[PDB]
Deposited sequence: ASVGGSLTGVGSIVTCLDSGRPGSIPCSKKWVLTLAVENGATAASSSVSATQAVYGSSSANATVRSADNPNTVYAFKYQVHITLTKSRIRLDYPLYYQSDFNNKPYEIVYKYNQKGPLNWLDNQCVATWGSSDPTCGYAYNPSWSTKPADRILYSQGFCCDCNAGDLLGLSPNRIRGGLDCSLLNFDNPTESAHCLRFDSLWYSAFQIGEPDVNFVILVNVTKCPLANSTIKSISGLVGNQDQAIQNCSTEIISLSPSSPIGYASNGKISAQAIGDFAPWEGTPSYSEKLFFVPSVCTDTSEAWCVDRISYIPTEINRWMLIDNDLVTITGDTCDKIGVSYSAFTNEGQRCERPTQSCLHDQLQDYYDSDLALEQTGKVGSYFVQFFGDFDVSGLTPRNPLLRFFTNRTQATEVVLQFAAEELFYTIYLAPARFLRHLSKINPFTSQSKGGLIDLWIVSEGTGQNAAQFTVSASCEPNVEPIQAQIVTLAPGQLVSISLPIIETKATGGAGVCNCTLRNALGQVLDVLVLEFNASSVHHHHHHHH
């Protein structure tokens, strides 16, 4: 049980403070109880609460109080920091014709020199919707391959990427090829990951019921981010207490990037609309991928985010097969883990393979990285109650029998004098009992009310009388023995 404090300079004049602990657990059908629950003001002994200062006052429950605390599973929430967006699978297209016919060195050359208004691949622009030549993206026009001798050794070595037949002397036969970088419809958003925060929910049910010798219910929710809640017009407050910091050994994903599918540039591709659908089977296919598998600058080949500079500047580009520089993309990680998921094995990139990923309440374009855990831990919950309506005051003053005045005259009439000593204006109720034993009919006790400093006399109708003074609540103050007859 808790004590009662005066409300120092949380709205109250007097305040009941109680501290409880609640712990979470995996209950089952058989053992279904993890709750912390306590009742107050129901038994005849726990009906009063000691005061912090001035013990002469105790507070009795006006209602019987039911408080129940339950704790959710413990979740690790990883803060996300937006990096940029990344294409799912870039692909190379090869052009060997244009609107004039086959590409060749004589009458219809492949054009990819920077600055030309005539690139066979076209340019890309930044912003993408622009056609201003000043907004052309460097290296976006791709590059040409032809039936010449490159700087390195060989005879017509640049024919390989475009599949050119450098032996036919024929104007229907193209002798040059253009190579352009393109991005498929699906774009992922990538996030950096911070160190996790702990999260849980504590439900506090406070139920007031009448005394017995209708019920009311208020629910307070508590969390590490919102640790203080109120109820019944600020008359009640609950607060979770402790170091909510993550523990040692919690998994860290700092070196990784959170890859969330976000955008379809061509919404007419049903496969793309599926990849961004916020349903649990696809959200569990979002990916954590090591940062060193990504190129944020796009000038590194065979890395997530590869772009025009890496594609065009690859050494001996024309001697390489198509789609070179474009390996190991998000689509390849997806297919790799998808086949593992489709065969009951454990992959390396899907979030479902990292733990109990929370898919609830996720809104598109506002993703989160949250994992439920094994953890069970106790959390102290401090409760405060405005005592104005929960308790009425009960005062306890000292009280003596005035021995120099309380006598017995020789008919049974006991003249008793009681004094309450001290200062105060709050009366206290006292019970006076008499136990005259030898052949004396019973004497009924009587309640007397005395404020500090007051003094009253009451008469009670070979013997001896045991007279006892009792407090308003389960105490005895003074006892005097007096002879009779």
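Taking the first deposited residue as 1, the stretches without any C-alpha atom are 1 to 9, 19 to 24, 229 to 246, 444 to 449, 501 to 509, 534 to 545.
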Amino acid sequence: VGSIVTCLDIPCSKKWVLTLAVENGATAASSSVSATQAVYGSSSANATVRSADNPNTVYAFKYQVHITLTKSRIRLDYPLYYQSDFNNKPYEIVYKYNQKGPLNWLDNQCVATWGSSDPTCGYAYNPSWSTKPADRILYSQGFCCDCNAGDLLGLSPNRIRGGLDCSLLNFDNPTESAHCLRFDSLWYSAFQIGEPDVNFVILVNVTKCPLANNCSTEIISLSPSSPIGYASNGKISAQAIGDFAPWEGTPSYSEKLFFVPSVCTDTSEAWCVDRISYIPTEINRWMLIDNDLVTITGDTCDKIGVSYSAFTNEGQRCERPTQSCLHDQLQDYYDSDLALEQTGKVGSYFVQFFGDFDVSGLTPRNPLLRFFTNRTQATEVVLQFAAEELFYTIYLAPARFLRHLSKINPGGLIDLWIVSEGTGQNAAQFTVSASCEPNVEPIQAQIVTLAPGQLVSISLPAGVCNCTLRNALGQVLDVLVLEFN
From here on, numbers count along this sequence of modelled residues.
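In this entry, 155 to 163 has the higher mean Cα B-factor, the comparison being between 174 to 182 and 155 to 163. Higher mean CA temperature factor, per the PDB entry, when comparing 80 to 88 with 232 to 240: 232 to 240. Within the selection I418, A35, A28, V58, the deposited Cα B-factor values reach their highest point at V58. Across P246, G150, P321, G115, the entry's maximum B-factor at the CA atom is seen for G150. When the modelled residues of the chain are ordered by their C-alpha B factor, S72 lands in the lowest third. Among all modelled residues in this chain, the alpha-carbon of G122 has a temperature factor (C-alpha) in the lowest third. The entry lists a Cα temperature factor for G453 that places it in the middle third of the chain's modelled residues. For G344, the recorded CA temperature factor ranks within the lowest third of the chain's modelled residues.
In this PDB entry, the Cα temperature factor of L413 sits in the top third of its chain's modelled residues, the highest group.
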